[PDB]
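Report on the following structure.
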Amino acid sequence: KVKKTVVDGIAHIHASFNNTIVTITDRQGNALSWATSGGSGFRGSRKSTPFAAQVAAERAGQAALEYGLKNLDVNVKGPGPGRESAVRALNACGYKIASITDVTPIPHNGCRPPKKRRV
Amino acid sequence: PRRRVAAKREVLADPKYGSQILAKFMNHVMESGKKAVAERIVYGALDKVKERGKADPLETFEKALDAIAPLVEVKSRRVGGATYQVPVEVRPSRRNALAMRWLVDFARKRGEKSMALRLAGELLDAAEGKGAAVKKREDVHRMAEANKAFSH
Amino acid sequence: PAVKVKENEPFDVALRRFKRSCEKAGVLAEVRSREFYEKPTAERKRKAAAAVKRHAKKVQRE
RNA sequence: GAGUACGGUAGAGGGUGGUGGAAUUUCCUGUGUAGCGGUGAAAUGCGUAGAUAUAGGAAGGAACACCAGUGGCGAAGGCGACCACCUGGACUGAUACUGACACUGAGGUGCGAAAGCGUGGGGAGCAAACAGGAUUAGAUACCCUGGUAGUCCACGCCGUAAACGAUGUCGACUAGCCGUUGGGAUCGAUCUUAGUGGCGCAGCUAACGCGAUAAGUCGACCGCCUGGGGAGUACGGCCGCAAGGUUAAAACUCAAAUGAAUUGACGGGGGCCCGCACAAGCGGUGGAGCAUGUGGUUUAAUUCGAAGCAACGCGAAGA
Ligand SMILES: [Mg+2]
Ligand SMILES: [Mg+2]
Ligand SMILES: [Mg+2]
Ligand SMILES: [Mg+2]
Ligand SMILES: [Mg+2]
Ligand SMILES: [Mg+2]
Ligand SMILES: [Mg+2]
Ligand SMILES: [Mg+2]
Ligand SMILES: [Mg+2]
Ligand SMILES: [Mg+2]
Ligand SMILES: [Mg+2]
Ligand SMILES: [Mg+2]
Ligand SMILES: [Mg+2]
Ligand SMILES: [Mg+2]
Ligand SMILES: [Mg+2]
Ligand SMILES: [Mg+2]
Ligand SMILES: [Mg+2]
Ligand SMILES: [Mg+2]
Ligand SMILES: [Mg+2]
Ligand SMILES: [Mg+2]
Ligand SMILES: [Mg+2]
Ligand SMILES: [Mg+2]
Ligand SMILES: [Mg+2]
Ligand SMILES: [Mg+2]
Ligand SMILES: [Mg+2]
Ligand SMILES: [Mg+2]
Ligand SMILES: [Mg+2]
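Protein chains in written order, with the numbering used here: chain A, 3 to 121; chain B, 115 to 266; chain C, 4 to 65.
Structure follows, in structure tokens:
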């Protein structure tokens with residue numbers, strides 16, 4: 003309930019094949035607001051669509067206007083849909099996007115992945 | 115059809131109001147080729163409309179028609195395990211046809227004395243958004259906007 | 004893969020430029036590859052088939 | 001022909017140590033609040049005992065993105081991070097040297113994927129067995145959430161694979177064209193040498209197809225086959241700690257089993273096209289009463305025929 007101001011946030015879009023999670027933080031990685039496709043009330047096949055990601059980003063941005071945050075940098079991560087609709091929702095929330103960076107983690111050899119589904 | 119060769123016909127002859135839309139409405143209320151009976155029913159309903167109050171009956175007619183044509187329609191499509199329901203905008207010609215079909219069908223089942231009275235009651239009630247047809251339109255609209263995810 | 008918004012351009016060229024940069028980097032391809040495990044037999048078979056098709060593609064030009 | 005000495009090249013060839021960066025997992029801490037994860041749809045599962053997300057830190061193990069390629073190296077199996085050390089072979093050029101010193105090879109000896117086994121370490125991910133949730137008529141399966149042997153290391157055993165080019169090794173001849181890897185000569189082009197690929201004349205083949213990397217024309221040596229099952233099984237021997245390997249029959253039974261290609265048909269294979277086939281609509285049948293045909297039952301007889309669509313108001317346009 004106590005107030006704290008903060009400018010120049012960073013928005014992380016975490017997009018998978020099933021969901022998307024948008025989290026706005028400060029420079030130090032302290033989360034202020036977050037939202038998700040499932041939290042928006044989609045819950046299923048509708049959860050894996052750019053519309054759900056756009057709504058999630060809208061909610062997260064509206065929550066984040068409380069602290070100020072005139073500026074956001076963007077970190078996209080993941081192969082799923084909602085990858086770009088989240089960003090174009092975030093700007094329409096009113097922020098000033100300085101840059102976009104892709105931070106998808108790629109192993110160089112890494113652990114072996116699961117076996118292939120026989121569908 | 116596959117060939118896309120259907121050509122639309124031109125038979126539209128409103129006798130004494132000279133209104134293009136009322137002829138199609140009478141075609142919709144017609145049953146089994148009896149043009150005269152439907153003619154009489156529609157004119158009686160419009161007389162009731164003009165004598166309840168000061169509104170021009172024809173103007174009340176297109177005001178109800180505007181207040182009842184849906185804007186978007188839900189189309190079913192099976193995607194391989196579940197049948198989803200996409201929204202799509204309704205063509206301008208389909209709006210009026212859907213409006214008349216709904217209006218007539220819901221006036222069929224009201225329960226007053228004569229069919230003309232049923233139609234008059236439906237026009238009066240739907241002219242401001244209180245009939246069964248208007249709430250069906252609202253049901254279709256909410257069903258369409260609850261599936262906005264697919265849309266495209 | 005990263006971009007910036009520089010000298011007051013709309014947020015409709017920066018996003019497309021970012022998409023092009025990510026496609027050039029090869030992010031989605033890498034993720035789709037590590038989605039599941041491909042046994043060495045299947046990898047070698049795929050390389051052989053791709054090489055055959057590449058050679059046929061080159062030859063058919065003349 | 002086959003070897004030696006001398007410069008010089010290219011290489012995931014082999015062994016022993018050391019060290020890197022990306023990522024996953026667990027653990028500690030800060031912010032933060034109701035979901036996360038998964039699916040065709042779910043549910044199990046994880047979360048308000050504060051999860052997923054996000055930022056900082058630590059521990060450990062395994063695999064080595066891009067380069068990467070009809071590319072390279074090795075007798076084969078096989079071998080991809082970087083560095084040092086030990087070490088095998090191939091290619092290439094000039095001169096000199098030995099003087100047939102060669103090829104093949106039953107026994108025999110050695111190397112030999114993965115799984116498996118013994119003793120001792122290790123434990124991130126994945127995952128036989130196992131448990132739960134779905135799906136289903138059932139589902140000891142596919143699918144989801146977990147998860148132990150094993151996968152990793154050292155030493156020892158095992159000795160098998162569609163261990164395949166389904167093509168034994170060595171040598172000599174027989175039109176060409178187009179790529180590529182290591183390397184020489186001549187004036188980017190030409191020639192030449194050892195590999196690695198795509199077409200193709202003769203010739204060969206049952207055909208498919210092979211075609212200087214022959215399945216063509218020849219020579220030297222070796223291994224193997226003799227209709228399909230029974231059966232690569234039984235018994236005996238030899239190996240193995242075990243699993244099992246290897247060598248290897250018969251009675252009986254059948255008149256076929258088979259290879260390549262051809263015509264059609266079919267496909268929960270592909271591409272184009274069509275039809276009240278769907279879609280968008282209007283009126284109905286299945287419910288009631290009656291008419292009428294049929295099945296079944298009954299009767300002395302209920303006269304014969306029509307039986308998915310393509311029989312049943314049909315032969316019958318008149319019991
Ligand atoms: Mg999975
Ligand atoms: Mg975390
Ligand atoms: Mg021998
Ligand atoms: Mg092993
Ligand atoms: Mg073992
Ligand atoms: Mg065992
Ligand atoms: Mg052990
Ligand atoms: Mg697991
Ligand atoms: Mg062991
Ligand atoms: Mg064998
Ligand atoms: Mg092999
Ligand atoms: Mg063989
Ligand atoms: Mg030969
Ligand atoms: Mg030869
Ligand atoms: Mg050829
Ligand atoms: Mg032959
Ligand atoms: Mg026999
Ligand atoms: Mg045996
Ligand atoms: Mg055997
Ligand atoms: Mg024996
Ligand atoms: Mg044992
Ligand atoms: Mg055949
Ligand atoms: Mg239909
Ligand atoms: Mg009946
Ligand atoms: Mg009936
Ligand atoms: Mg009869
Ligand atoms: Mg008939």
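C-beta: ideal position from N, C-alpha, C; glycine also.
- Residues of chain A with a Cβ closer than 8 Å to the Cβ of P43 (chain C) do not exist; the shortest Cβ-Cβ separation is about 12 Å.
- Shortest Cα-Cα distance from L18 (chain C) to any of A:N77, A:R29, A:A58 involves A:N77.
- Nearest C-alpha to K138 (chain B) among B:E145, B:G147, B:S146, B:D128: B:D128.
- Annotated as distal: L231 (chain B) and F175 (chain B), with beta-carbon spacing of 9 Å or more.
- Assigned with DSSP and collapsed to three states, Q134 (chain B) falls in helix.
- By the criterion of a C-beta distance shorter than 8 Å, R117 (chain B) is surrounded by no residue of its chain, once the five residues flanking it on both sides are discounted.
- In the DSSP assignment, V76 (chain A) falls outside any alpha helix (DSSP H) and within the unbroken beta strand (DSSP E) covering 73-79.
- Taking a cut-off of 8 Å for Cβ pairs, the region 11-27 of chain C and the region 92-110 of chain A touch, as three or more such pairs fall below it.
- Sorting A:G80, A:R85, A:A65 by C-alpha distance to the C-alpha of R35 (chain C) places A:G80 at the top.
- Put simply, the backbone Cα of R48 (chain A) is about 39 Å away from that of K56 (chain C).
- The three-state reading of DSSP puts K27 (chain C) in helix, counting H, G and I together.
- In this structure, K6 (chain A) and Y97 (chain A) do not form a Cβ contact; the two beta carbons are roughly 18 Å apart against a cut-off of 8 Å.
- Assigned with DSSP and collapsed to three states, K98 (chain A) falls in strand.
- Not a single CB atom of chain A sits nearer than 9 Å to the CB of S190 (chain B).
- Nearest to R29 (chain A) by alpha-carbon distance, out of A:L67, A:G63, A:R90, A:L71, is A:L71.
- Counted as a single uninterrupted DSSP element, the beta strand (DSSP E) harbouring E203 (chain B) occupies residues 197-203.
- According to the DSSP assignment, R166 (chain B) belongs to the alpha helix (DSSP H) that extends over 149-166.
- DSSP, reduced to helix, strand and coil, places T44 (chain C) within a helical segment of the structure shown.
- Exclusion of the five residues before and after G84 (chain A) leaves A17, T22, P52, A55 as the residues of its chain whose Cβ lies within less than 6 Å of its Cβ.
- Cβ proximity to chain B below 8 Å picks out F44, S47, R48, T51, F53, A54 from the region 42-54 of chain A.
- Within the model, the alpha-carbon separation for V89 (chain A) versus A258 (chain B) is close to 26 Å.
- Using a Cβ-Cβ cut-off of 9 Å, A17 (chain C) counts as an interface residue toward chain A, since at least one Cβ of chain A sits closer than that to its own.
- The Cβ atoms of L172 (chain B) and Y131 (chain B) sit closer than 9 Å to each other.
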